[PDB]
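Have a look at the structure below, then the notes.
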Amino acid sequence: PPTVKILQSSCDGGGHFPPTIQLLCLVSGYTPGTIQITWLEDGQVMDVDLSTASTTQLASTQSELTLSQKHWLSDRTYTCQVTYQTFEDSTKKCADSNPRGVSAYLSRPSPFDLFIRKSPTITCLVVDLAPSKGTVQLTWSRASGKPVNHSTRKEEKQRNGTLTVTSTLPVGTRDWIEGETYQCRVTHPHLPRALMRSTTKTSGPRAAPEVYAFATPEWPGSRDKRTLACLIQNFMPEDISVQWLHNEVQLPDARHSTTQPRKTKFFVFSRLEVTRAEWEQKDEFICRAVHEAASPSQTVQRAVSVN
Amino acid sequence: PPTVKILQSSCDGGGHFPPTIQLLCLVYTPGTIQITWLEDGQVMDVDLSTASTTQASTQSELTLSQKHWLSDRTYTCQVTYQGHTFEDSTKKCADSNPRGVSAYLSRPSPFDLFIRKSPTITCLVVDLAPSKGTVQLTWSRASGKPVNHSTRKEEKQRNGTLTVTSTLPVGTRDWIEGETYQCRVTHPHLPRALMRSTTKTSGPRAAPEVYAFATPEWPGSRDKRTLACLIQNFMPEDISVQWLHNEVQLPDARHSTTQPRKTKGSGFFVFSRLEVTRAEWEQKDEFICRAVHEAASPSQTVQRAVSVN
Amino acid sequence: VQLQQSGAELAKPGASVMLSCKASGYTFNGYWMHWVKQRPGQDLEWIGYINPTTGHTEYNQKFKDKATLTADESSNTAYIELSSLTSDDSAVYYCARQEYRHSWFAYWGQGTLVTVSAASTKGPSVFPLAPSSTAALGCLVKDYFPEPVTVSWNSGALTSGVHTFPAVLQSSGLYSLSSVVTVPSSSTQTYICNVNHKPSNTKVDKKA
Amino acid sequence: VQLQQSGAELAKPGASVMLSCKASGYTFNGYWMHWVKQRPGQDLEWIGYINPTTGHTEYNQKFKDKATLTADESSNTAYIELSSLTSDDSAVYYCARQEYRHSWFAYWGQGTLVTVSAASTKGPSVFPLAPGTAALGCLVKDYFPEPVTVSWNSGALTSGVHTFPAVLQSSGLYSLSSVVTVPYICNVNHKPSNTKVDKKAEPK
Amino acid sequence: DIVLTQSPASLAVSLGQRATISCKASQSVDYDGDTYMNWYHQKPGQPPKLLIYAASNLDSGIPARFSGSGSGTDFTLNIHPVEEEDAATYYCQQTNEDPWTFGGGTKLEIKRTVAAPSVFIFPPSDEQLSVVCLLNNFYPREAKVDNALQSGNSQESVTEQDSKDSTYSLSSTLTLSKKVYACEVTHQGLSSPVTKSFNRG
Amino acid sequence: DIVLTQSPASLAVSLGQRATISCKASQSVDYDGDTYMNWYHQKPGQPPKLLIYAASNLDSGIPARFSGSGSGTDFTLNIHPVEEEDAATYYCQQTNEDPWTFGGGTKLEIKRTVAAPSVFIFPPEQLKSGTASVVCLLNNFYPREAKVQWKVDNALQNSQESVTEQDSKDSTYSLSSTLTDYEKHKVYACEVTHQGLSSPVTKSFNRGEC
Ligand SMILES: *[C@@H]1O[C@H](CO)[C@@H](O[C@@H]2O[C@H](CO)[C@@H](O[C@@H]3O[C@H](CO[C@H]4O[C@H](CO)[C@@H](O)[C@H](O[C@H]5O[C@H](CO)[C@@H](O)[C@H](O)[C@@H]5O)[C@@H]4O)[C@@H](O)[C@H](O[C@H]4O[C@H](CO)[C@@H](O)[C@H](O)[C@@H]4O[C@H]4O[C@H](CO)[C@@H](O)[C@H](O)[C@@H]4O)[C@@H]3O)[C@H](O)[C@H]2NC(C)=O)[C@H](O)[C@H]1NC(C)=O
Ligand SMILES: *[C@@H]1O[C@H](CO)[C@@H](O[C@@H]2O[C@H](CO)[C@@H](O[C@@H]3O[C@H](CO[C@H]4O[C@H](CO)[C@@H](O)[C@H](O)[C@@H]4O)[C@@H](O)[C@H](O[C@H]4O[C@H](CO)[C@@H](O)[C@H](O)[C@@H]4O[C@H]4O[C@H](CO)[C@@H](O)[C@H](O)[C@@H]4O)[C@@H]3O)[C@H](O)[C@H]2NC(C)=O)[C@H](O)[C@H]1NC(C)=O
């Protein structure tokens with residue numbers, strides 16, 4: 001009865017990995033006889049050109065598998081197969097004790113793109129990804145299996161030396177409203193276990209939003225510009241799109257600063273600042289809200305003036 | 001001239017560790033030789049190792065508990081051969097993308113330093129494992145003077161993480177004088193200590209502005225009304241907001257306030273929301289939205305009142 | 001990653017009992033281990049947890065005076081000491097374990113059934129059942145206290161088609177349990193049931 | 001851990017060249033390769049970056065028509081091609097790499113000296129300098145394009161050696177000289193001309 | 001003290017049909033935008049095992065027939081298609097804030113084609129000197145167990161719904177402290193009641 | 001595009017004092033509690049080297065004299081005390097918003113004691129090339145300011161000069177001068193006047209003398 005044990009190369013005094021990792025398989029304490037040594041990478045055979053064996057006689061035998069750093073750190077599984085007249089010992093890259101892990105988010109279409117523009121889209125997002133693990137795929141599938149249109153895929157280098165993959169999926173206008181659930185599948189070879197996330201239209205009550213617009217009084221030294229504020233509260237659920245309109249046209253997101261929905265004892269605050277020439281042209285600004293429970297056409301707004 | 005290299009125990013097929021970790025040190029011209037193990041410099045009990053020599057071939061196997069091997073301790077195989085010493089070291093293989101520690105030290109709230117005149121600082125540590133609950137953080141003052149006694153408490157979070165928070169009281173005169181306080185965190189799992197320092201904000205200081213509003217009567221809320229308050233154009237970001245009704249202060253859990261964020265030009269801004277009741281305004285139709293700030297004048301307090309009708 | 005608890009236990013009213021829960025293996029990051037009480041056929045009630053690394057504890061408002069959690073880090077073991085034992089304390093007690101960065105439970109224990117009464121610890125009575133003619137033979141466990149009793153067929157050799165009935169309380173305040181197993185009509189071999197009563201430390205076996 | 005760039009270049013106005021950058025070791029988490037342009041005596045300019053693992057590219061708006069990055073992770077080699085070259089495009093090109101969880105260049109390249117000129121390569125002429133401590137030197141004049149390097153005995157004489165920056169002669173060629181103080185052999189190497197000339201320092 | 005109230009408390013679904021269980025809460029089980037709602041099921045004699053965590057996430061090694069949806073105050077668990085091994089009691093749990101609390105439980109019954117019991121009478125053992133009438137693998141649980149029709153001299157015991165046969169079993173103990181013994185059985189699947197009789201020897 | 005500006009453009013610090021350089025940007029390179037400003041420095045011919053990152057952190061293997069500070073738009077680097085090998089060009093860098101950009105650069109000269117140049121002269125064997133050249137060398141002198149004049153028949157007249165960088169060990173500069181009709185004149189000389197010389201020194205030679 002042979003005994004199989006595997007040793008490996010020790011890391012550097014500062015924990016660094018050497019250029020080559022060496023898996024030493026020790027098979028000792030077996031009755032002398034015919035014996036075969038084969039190495040297996042993730043179940044399949046590795047060729048013997050990367051191994052050397054030494055036999056002495058009880059009876060003990062050693063074989064040294066020579067791998068590269070890209071191999072051993074590829075999160076694969078290696079097994080020392082000893083065929084003695086089948087005994088085997090396995091080893092993989094020592095996993096992290098406190099791994100950061102991957103996080104992924106899948107949001108829902110904006111009510112503006114779902115009702116006004118009538119071109120709703122959902123988006124799948126993966127953040128905090130290394131340079132490698134940068135081809136991590138994001139494939140789409142539905143709960144019913146019905147066909148999905150083509151999906152976009154973009155990557156953006158962040159400030160903290162990370163990478164964020166984004167995938168946007170358009171959905172049918174009528175199909176998303178009835179109650180389909182869409183899935184995002186995230187997989188990369190370094191990533192061992194597949195990550196799965198899904199989304200659907202919110203299943204709760206529906207309450208229309210309350211819109212209130214106000215203007216800040218003339219503060220000392222602030223005559224060339226004025227601050228406008230809009231308060232929207234008590235709407236269900238948290239899906240909402242807040243916009244500002246001047247001269248019967250919409251303004252970009254950069255002009256205003258809008259908060260995230262927090263639960264009411266939901267409410268949001270937005271802050272748009274105008275210039276002196278802004279209210280001179282048209283002294284009226286529309287704080288438009290797009291919500292599913294609003295009427296007549298999923299839109300409720302109120303105006304505000306400087307004077 | 002001897003040659004020395006170390007081999008460790010391989011991990012499980014699922015990347016897991018064995019209960020123990022064994023390190024074999026392999027050692028030339030025959031003569032006098034002896035092997036010694038060192039744990040981060042300190043010598044270990046020779047009873048922990050089992051030596052073997054074949055004429056030559058000499059080796060020694062040291063078995064470690066997974067607790068200390070994963071504690072990132074460095075182990076040295078010290079071999080003295082017929083004269084001088086020769087040393088090889090080894091530590092646990094570094095993780096690819098570790099999480100590390102996360103620590104935060106906060107400045108005293110202006111309501112405590114200016115209105116109550118008893119400021120307090122805090123050393124906050126976020127997101128760590130349960131076994132790192134014994135992580136003792138130690139306070140220290142840069143001036144060398146001894147620190148007062150602090151408070152420690154651990155908290156079990158939603159996401160299955162732990163949070164050890166340590167609040168430190170400070171002397172009013174000492175803080176404004178431009179002192180720097182440091183929080184020192186220690187744990188056996190971390191071979192090095194983590195430190196972070198905080199001090200008073202020095203720079204341009206601007207006065208905050210308050211605008212209060214009362215929402216009109218909405219048809220579906222006969223007995224309730226919402227009150228809003230906007231604070232803006234103040235430097236720096238340290239501030240504290242309170243609501244007042246009938247000459248008493250409402251609790252912080254009564255109003256939903258946001259965190260400061262910078263304006264498109266000069267200053268920051270904060271929104272605040274307050275839901276009062278019909279009986280609240282019938283007793284006294286007056287609600288004050290006060291704020292404490294460094295550059296707030298005159299007594300670091302500024303407020304305005306609002307009525308619902 | 002397995003949790004094993006103490007066996008069955010019996011206690012007198014007003015006494016105290018301590019139940020153990022040991023975790024197999026060494027987990028580096030740490031873990032909270034809770035305890036869950038399940039009254040006979042009623043809701044699952046949450047008691048509290050403890051972090052053995054530091055000993056910090058949080059109890060429920062109901063069990064704050066009835067339960068006391070203790071733990072030792074070196075042996076991966078936790079304890080729950082129940083004081084002022086009453087008939088309301090006659091229930092099943094599980095030790096569940098929450099892992100690091102989990103908003104749920106990951107591993108459960110087998111459970112420690114506690115019977116709080118003044119009756120005496122009594123060994124069971126095993127009487128076979130005679131097969132007269134798909135053949136059927138059974139075993140009868142009579143007059144034992146407290147519950148439960150561990151029954152095994154052929155020392156674990158035959159497990160398919162076996163029915164171990166729940167215990168029923170006899171008129172004299174004693175328990176009665178029955179177990180049967182169906183075999184082909186030829187039946188050729190032997191069928192033996194092994195009974196074990198953990199509280200009284202008695203083990204018997206009878207043949208069909 | 002270090003990086004290796006390509007050799008010096010000589011290009012005609014309006015053509016295109018290819019520059020490389022070789023990274024040592026292996027990093028399983030990956031890296032980003034950047035390119036930084038610098039004229040001798042000017043501020044550093046950021047051309048752009050490219051992720052070799054995926055090939056994604058982002059360019060400085062001022063370089064989108066002139067530079068296009070390429071990389072091959074199979075050999076840890078990074079490339080860059082410059083189109084429509086002018087006299088203002090001639091400079092030295094560093095390759096720096098940004099590591100994972102980093103916001104700073106951790107390893108820099110040796111630098112590739114690129115000169116945009118219509119003239120062809122011209123080889124140097126090495127002459128010695130014949131003269132308590134005395135001195136001995138060697139003069140390498142009239143060469144093009146930059147640069148040409150010199151050494152003393154391939155490490156035989158290291159201390160006391162002073163080689164001045166190249167001086168552009170009025171004829172259009174460069175000129176430089178190296179000296180050494182002793183109380184020796186000059187190793188002049190000019191890669192663009194594929195000429196290696198040795199010169200000994202002895203009176204004559 | 002968030003309380004969970006799941007409905008219904010007991011239901012029966014045909015094999016291959018769709019099972020639906022609701023779990024209502026007194027407070028939002030959501031925090032930080034995330035839902036802290038879990039789903040377990042409890043086999044007889046065993047502790048519960050996690051089926052779905054965070055409402056809409058399945059645990060490692062759970063079949064694809066289980067799907068959970070909802071947030072806030074109303075939650076739902078769906079099983080499609082139902083198999084014979086799902087016979088257990090389902091409990092919903094919230095981890096939003098201490099103390100963690102479970103629902104009242106929902107016992108799911110697997111409906112199938114009706115089956116008749118195999119009746120057998122066992123005379124008492126001579127070692128005591130206790131009649132046993134066994135009904136094995138029948139469905140449903142509705143069953144009625146010296147030619148003297150009696151009452152009060154026997155006890156009953158029933159097993160759980162089997163995890164692979166989805167059938168019940170019953171045990172009856174007719175006691176006789178120290179000549180003709182028999183057992184009558186009537187069932188819905190049987191056409192007429194049958195009797196197993198044995199000798200006084 | 002963010003624009004960074006350093007000050008000053010050059011400075012001279014002696015051994016024992018602290019050097020200080022500041023760098024201001026067009027935007028706050030802060031973001032979500034992090035600061036993205038770095039400090040490089042390069043010596044002649046070599047690639048740059050990182051000294052301080054994240055505005056206040058030191059790199060691996062950097063002496064404790066180099067330290068940084070600042071936040072938002074003002075950042076400051078100190079060298080205390082300065083050593084002899086610190087003469088280089090120092091840059092600030094922002095890594096918050098694309099495109100990445102650098103500061104102008106600040107050259108560092110090492111203030112040391114006065115040193116007079118050792119004068120040597122070298123005549124043109126190489127005369128067979130068709131044209132002659134005379135080179136006069138000034139090795140290891142401080143400061144950089146020095147004058148060299150050519151005397152043809154004891155008269156001044158086509159010359160180009162080069163100056164090496166300030167050495168890291170000797171902390172001194174060196175100067176070369178190439179003086180390119182040769183046989184039609186008799187005596188050549190190299191006139192060098194320097195602040196380290198009490199009297200102007202001149203080395204001379206006659207053609208083909210020996
Ligand atoms: C290194 O730097 C990079 C910088 O790129 C960091 O990467 C960021 O990481 C954070 C968190 O790790 C990511 O935030 C997540 O974003 C999700 C998507 O939101 C996006 O869309 C909204 C529109 O709906 C945009 O408005 C956002 O951007 C702008 O808005 C924010 C304010 O919110 C501003 O501050 C920004 O400056 C932008 O101007 C986003 O681009 C988001 O869904 C997700 O939120 C979940 O978690 C929070 C709690 O943190 C919950 O409150 C929330 O409800 C979400 O939780 C669930 O519930 C919702 C219900 O609607 C579901 O829909 C969700 O899917 C989820 O299941 C989170 O906030 C950020 O996107 C990412 N940046 C990029 C560019 O990808 C790295 O973290 C950093 N590394 C380290 C170590 O710090
Ligand atoms: C599992 O879930 C838990 C909670 O359930 C979660 O813990 C939380 O982690 C976050 C992030 O680590 C913590 O947020 C930090 O909180 C500190 C303390 O804020 C206090 O004070 C403010 C205002 O006075 C209060 O509103 C607040 O409630 C606290 O009482 C903040 O200071 C941190 O802000 C820093 O980052 C911001 C954005 O990046 C900056 O805008 C801000 O200025 C801070 O910047 C840093 O640098 C400054 C530079 O000078 C420095 O001066 C600052 O002091 C600061 O250090 C940050 O928002 C939160 O407190 C944790 N909550 C608990 C209960 O522990 C875990 O993270 C989560 N785990 C996982 C894996 O997700």
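Each chain in the structure tokens gets a letter, A, B and so on, in the order shown; residues start at 1 in every chain, and ligands are counted from 1 in the order they appear.
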
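Residue neighbourhood of residue 246 (chain B), excluding near-sequence residues (fewer than 4 positions): residues 283, 284, 285, 286, 287 and 288 of chain B, at 9 Å, using only C-alpha atoms.
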
For the residues in the current selection, export N, CA and C atoms as a tab-separated table (two decimals), in the first residue's frame.
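File produced: out.tsv:
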chain	number	residue	atom	x	y	z
B	283	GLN	N	-49.51	72.95	18.29
B	283	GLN	CA	-48.98	73.40	19.57
B	283	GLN	C	-48.11	74.64	19.40
B	284	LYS	N	-47.26	74.65	18.39
B	284	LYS	CA	-46.41	75.81	18.10
B	284	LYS	C	-46.01	75.74	16.64
B	285	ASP	N	-46.58	76.62	15.81
B	285	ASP	CA	-46.27	76.64	14.38
B	285	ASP	C	-44.94	77.36	14.17
B	286	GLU	N	-43.88	76.72	14.66
B	286	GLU	CA	-42.54	77.28	14.56
B	286	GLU	C	-41.53	76.14	14.62
B	287	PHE	N	-40.64	76.08	13.63
B	287	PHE	CA	-39.63	75.04	13.54
B	287	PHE	C	-38.32	75.66	13.11
B	288	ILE	N	-37.25	75.40	13.87
B	288	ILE	CA	-35.95	76.02	13.65
B	288	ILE	C	-34.98	74.98	13.12

Could you name the residues that touch residue 150 (chain D) at 9 Å or less, counting only C-alpha atoms, but leaving out those on the same chain fewer than 4 positions away, as a ChimeraX atom specification? /D:140,163,177-178,186-190

Might you pull out every residue within 10 Å of region 58-66 of chain D, with only C-alpha atoms counted and same-chain residues fewer than 2 positions away left off, and present them as a VMD selection string? (chain A and resid 156 to 157) or (chain D and resid 16 45 to 51 56 68 to 69 81 to 85 89) or (chain F and resid 1 98 to 100)

Once you count only C-alpha atoms and all ligand atoms, which residues end up within 7 Å of ligand 2, and could you hand them over as a ChimeraX atom specification? /B:102,104-107,109,126-127,157-159,161,163,259 /F:32-34

Write the residues of the preceding selection, restricted to C-alpha atoms, as a PDB file, in the first residue's frame.
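Okay, result_30.pdb is ready:
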ATOM      1  CA  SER B 102      -9.511  49.595   6.685  1.00  0.00           C
ATOM      2  CA  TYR B 104     -11.048  55.670   9.827  1.00  0.00           C
ATOM      3  CA  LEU B 105     -10.454  58.478  12.326  1.00  0.00           C
ATOM      4  CA  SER B 106     -13.123  61.176  12.522  1.00  0.00           C
ATOM      5  CA  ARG B 107     -13.049  64.806  13.642  1.00  0.00           C
ATOM      6  CA  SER B 109     -18.721  67.178  15.576  1.00  0.00           C
ATOM      7  CA  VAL B 126     -14.453  48.702   9.206  1.00  0.00           C
ATOM      8  CA  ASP B 127     -14.909  45.334   7.491  1.00  0.00           C
ATOM      9  CA  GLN B 157     -22.949  44.029  10.868  1.00  0.00           C
ATOM     10  CA  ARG B 158     -25.517  42.991   8.258  1.00  0.00           C
ATOM     11  CA  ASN B 159     -23.002  41.774   5.648  1.00  0.00           C
ATOM     12  CA  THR B 161     -18.570  41.682   8.996  1.00  0.00           C
ATOM     13  CA  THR B 163     -16.670  46.725  13.259  1.00  0.00           C
ATOM     14  CA  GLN B 259     -23.676  64.227   3.785  1.00  0.00           C
TER      15      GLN B 259
ATOM     16  CA  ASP F  32     -13.488  60.233  -2.561  1.00  0.00           C
ATOM     17  CA  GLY F  33     -10.901  60.664   0.188  1.00  0.00           C
ATOM     18  CA  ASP F  34      -7.839  59.793  -1.918  1.00  0.00           C
TER      19      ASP F  34
END

Please determine, counting only C-alpha atoms, which residue among C:57, C:20, C:2, C:29 has the shortest atom-to-atom distance to chain A. C:29

What residues in chain D lie within 9 Å of chain F, counting only C-alpha atoms, written as JSON, numbers by chain? {"D": [42, 43, 44, 45, 46, 47, 48, 59, 60, 61, 94, 103, 104, 105, 106, 107, 108, 109, 110, 111, 127, 128, 129, 130, 131, 134, 135, 136, 137, 139, 162, 163, 164, 165, 166, 167, 168, 169, 176, 177, 179, 181, 204]}

Could the residues of chain D that have an atom at most 12 Å from ligand 1 be listed as JSON lines, each with its closest atom pair and the distance in Å to one decimal, counting only C-alpha atoms and all ligand atoms and ordered by chain and ascending residue number?
{"residue": "D:100", "atom": "CA", "partner": "ligand 1", "partner_atom_place_in_ligand_line": "1 (C)", "distance": 11.3}
{"residue": "D:101", "atom": "CA", "partner": "ligand 1", "partner_atom_place_in_ligand_line": "82 (C)", "distance": 8.6}
{"residue": "D:102", "atom": "CA", "partner": "ligand 1", "partner_atom_place_in_ligand_line": "1 (C)", "distance": 10.6}
{"residue": "D:103", "atom": "CA", "partner": "ligand 1", "partner_atom_place_in_ligand_line": "1 (C)", "distance": 10.9}

Resulting file, chosen residues, N, CA and C atoms, as a short mmCIF file (atom, residue, chain, number, x, y, z; two decimals), in the first residue's frame:
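This is the output file part_13.cif:
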data_model
loop_
_atom_site.label_atom_id
_atom_site.label_comp_id
_atom_site.auth_asym_id
_atom_site.auth_seq_id
_atom_site.Cartn_x
_atom_site.Cartn_y
_atom_site.Cartn_z
N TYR D 100 -1.23 46.88 -10.79
CA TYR D 100 -2.58 46.72 -10.27
C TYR D 100 -2.68 47.38 -8.89
N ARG D 101 -3.82 48.03 -8.65
CA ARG D 101 -4.07 48.80 -7.43
C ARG D 101 -3.07 49.95 -7.27
N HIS D 102 -2.46 50.40 -8.36
CA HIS D 102 -1.49 51.48 -8.35
C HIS D 102 -2.00 52.66 -9.15
N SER D 103 -1.55 53.85 -8.77
CA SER D 103 -1.81 55.09 -9.50
C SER D 103 -0.50 55.82 -9.75
#

Please find the residues of chain B near chain C - the criterion being any atom within 12 Å, counting only C-alpha atoms - and write them as a ChimeraX atom specification. /B:16-20,65-71,127-136,152-162,164,189

Using only C-alpha atoms, please write the residues we just selected to a file, as a CSV table (one decimal), in the first residue's frame.
chain,number,residue,atom,x,y,z
B,16,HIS,CA,-7.4,24.7,1.4
B,17,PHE,CA,-4.8,24.2,4.1
B,18,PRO,CA,-3.9,21.1,6.1
B,19,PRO,CA,-4.4,21.3,9.9
B,20,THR,CA,-0.7,21.7,10.2
B,65,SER,CA,0.0,25.3,13.4
B,66,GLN,CA,-2.1,26.8,10.6
B,67,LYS,CA,-2.8,29.8,13.0
B,68,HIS,CA,0.9,30.9,13.0
B,69,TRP,CA,1.7,30.0,9.4
B,70,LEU,CA,-1.2,32.2,8.3
B,71,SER,CA,-0.2,34.9,10.7
B,127,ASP,CA,-14.9,45.3,7.5
B,128,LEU,CA,-12.8,42.6,9.0
B,129,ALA,CA,-13.1,38.9,10.0
B,130,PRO,CA,-14.4,37.7,13.4
B,131,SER,CA,-11.1,36.2,14.5
B,132,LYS,CA,-9.7,39.7,14.1
B,133,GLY,CA,-12.0,40.9,16.8
B,134,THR,CA,-9.1,40.7,19.4
B,135,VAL,CA,-7.4,43.4,17.3
B,136,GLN,CA,-6.5,45.9,20.0
B,152,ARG,CA,-14.1,50.0,22.9
B,153,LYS,CA,-17.0,48.1,21.4
B,154,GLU,CA,-17.4,45.5,18.7
B,155,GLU,CA,-20.5,45.3,16.5
B,156,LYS,CA,-21.9,42.5,14.2
B,157,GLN,CA,-22.9,44.0,10.9
B,158,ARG,CA,-25.5,43.0,8.3
B,159,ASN,CA,-23.0,41.8,5.6
B,160,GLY,CA,-21.5,39.3,8.2
B,161,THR,CA,-18.6,41.7,9.0
B,162,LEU,CA,-17.3,43.1,12.3
B,164,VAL,CA,-14.6,47.7,16.3
B,189,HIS,CA,-2.5,38.2,12.0

Extract, using only C-alpha atoms, all DNA, RNA and protein residues at most 8 Å from residue 1 (chain C), discarding same-chain residues fewer than 3 positions from it, and format them as a PyMOL selection string. chain C and resi 23-25+107

Residues of chain B were defined as contacting chain D if any atom lay at most 12 Å from it, counting only C-alpha atoms; please report them as a VMD selection string. chain B and resid 95 to 99

Give the strand (DSSP E or B) residues of region 43-95 of chain E, as assigned by DSSP on the backbone, as a list in words. residues 49, 50, 51, 52, 53, 57, 58, 66, 67, 68, 69, 70, 71, 74, 75, 76, 77, 78, 79, 89, 90, 91, 92, 93 and 94 of chain E

May I have a table of the residues of chain B lying at most 12 Å from chain F, giving each one's closest pair of atoms and their distance in Å to one decimal, counting only C-alpha atoms, ordered by chain and ascending residue number, as CSV?
residue,atom,partner,partner_atom,distance
B:104,CA,F:33,CA,10.9
B:201,CA,F:71,CA,11.9
B:202,CA,F:71,CA,11.5
B:203,CA,F:71,CA,11.0
B:261,CA,F:32,CA,10.5
B:262,CA,F:28,CA,11.5

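With distances taken over only C-alpha atoms, D:97 is the one residue among D:39, D:12, D:97, D:22 lying closest to chain A.
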
As a list in words, please: the residues near residue 79 (chain C) (cut-off 6 Å, only C-alpha atoms, same-chain neighbours under 6 positions excluded). residues 19, 20, 69, 70 and 71 of chain C

Please find the residues of chain B near chain A - the criterion being any atom within 7 Å, counting only C-alpha atoms - and write them as a VMD selection string. chain B and resid 6 to 16 74 89 to 95 97 to 99 211 215

Mind checking which residues fall within 10 Å of region 34-39 of chain E, counting only C-alpha atoms, ignoring those fewer than 5 positions away in the same chain, and posting them as JSON, numbers by chain? {"B": [158, 159], "C": [103, 104, 105], "E": [23, 28, 29, 48, 49, 50, 51, 52, 53, 54, 55, 56, 57, 58, 59, 68, 70, 71, 72, 73, 75, 76, 77, 90, 91, 92, 93, 94, 95, 96, 97, 102, 103]}

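One finds CA of residue 113 (chain C) at 15.8 Å from CA of residue 83 (chain C).
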
Return as an NGL selection string the residues belonging to chain C that are within 7 Å of chain E, counting only C-alpha atoms. :C and (43-46 or 60 or 103-104 or 108 or 110 or 127-130 or 165-166 or 168)

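All residues of chain D that DSSP, run on the backbone, classes as helix (DSSP H, G or I) are residues 61, 62, 63, 87, 88 and 89 of chain D.
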